[PDB]
Structures are given as C-alpha cells and as structure tokens.
Amino acid sequence: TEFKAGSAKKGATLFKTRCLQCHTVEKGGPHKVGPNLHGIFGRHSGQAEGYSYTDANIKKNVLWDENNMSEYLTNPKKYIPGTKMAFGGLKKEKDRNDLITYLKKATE
Ligand code: HEC
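What follows is the structure, given as structure tokens:
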C-alpha cells in the first residue's frame, strides 16, 4: 500500500470511460444508475440527496476515505455483497490512484 498520487486529468479521462456511464461528480449532476459522488469523501456509505441505496450498502456504512474507497473499488461486489454497483472492480492500483486523485479533486 503506497498512494503514489496520480494526475487529476488522467483520473478524469479514466472516470469518463469507467464510471460516468452510471455516476455524476459535478454538484448539479443528477443521480442516475447510481448517486452523485460530489461530497462522498468524509461521508458514510448511503447518504446522497434523497436517493435509495441497498440494504447491504446501508449496513456497510463505510466512512469514504482515500484508502477506504480504493479498497471498495478493488472488489465492490465482495465489499458490499448485494450492491447495485454492477461494475466489477479496478484491478490495477496505478489506474485507481489516478482516478482517486481526480475524484478527490472534484470534491475539493
Ligand atoms: C453502474 C453499473 C455503476 C458503475 C459503472 C460504477 N458504479 Fe459506483 N455505484 C453504483 C451504484 C448503483 C451504487 C450504490 C450501491 C447500492 O447498492 O446502493 C454505487 C456506489 C458508489 C459509491 C458510494 C456512494 C455512497 O455510498 O454514497 C462510490 C464512491 C462509487 N460508487 C464510485 C464509483 C467509481 C469511482 C466508479 C468507476 C470506477 C464506479 N463507481 C462505477 C453503480 C455503478
């Protein structure tokens, strides 16, 4: 484990063909296949603006952090067994660390 930080614009071009198909991260961004992500960092799992999660995502209530959300992205299915996050998981750490650097820099 060594968060060798990436580039917020590599994380952007990654996000744009990994997560944008289901999620939003600008604060005007409507919820869709999943919630918005703008303000997840420092929240618990399951707290977007009036949006209904799963029983498993709620009973998880993970404090979304730099390290803690990187764990979840490695295998979201195992981390929240029953999650609506149909995705699969970002196997490669380097490619995660870029996306983290973006999503963080889209929250502050
Ligand atoms: C559509 C098939 C999805 C893709 C592609 C990605 N995500 Fe996802 N995510 C999805 C859902 C429907 C949910 C809610 C799960 C539930 O069962 O209620 C989520 C949740 C997240 C969260 C947590 C939000 C919160 O707890 O408030 C994060 C931080 C998140 N997702 C990040 C994320 C990233 C960065 C993705 C690209 C690698 C990505 N998701 C793809 C659905 C889908």
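Residue numbers for the sequence shown, in the deposited numbering: -5 to -1, 1 to 103. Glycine is no exception: its CB is placed at the ideal position from the N, C-alpha and C atoms.
Would you report the Cα separation of residue i and residue j, rounded to the nearest angstrom?
{"i": "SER47", "j": "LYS(-2)", "result": "34 Å"}
{"i": "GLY45", "j": "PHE82", "result": "23 Å"}
{"i": "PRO30", "j": "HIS18", "result": "6 Å"}
{"i": "residue 109", "j": "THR102", "result": "This structure cannot settle anything about residue 109, because the visible part of the chain is limited to -5 through 103."}
{"i": "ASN56", "j": "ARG91", "result": "22 Å"}
When you measure from the CB of residue i to every non-hydrogen atom of the ligand HEC, does any distance come out below 7 Å?
{"i": "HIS18", "result": "yes"}
{"i": "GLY1", "result": "no"}
{"i": "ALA51", "result": "yes"}
{"i": "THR96", "result": "no"}
I think residue i touches residue j, with their Cβ atoms under 8 Å apart; what is that distance to the nearest whole Å?
{"i": "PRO71", "j": "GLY84", "result": "6 Å"}
Counting pairs of Cβ atoms below 8 Å between the segment 9 to 20 and the segment 36 to 43, do you hit three or more? no
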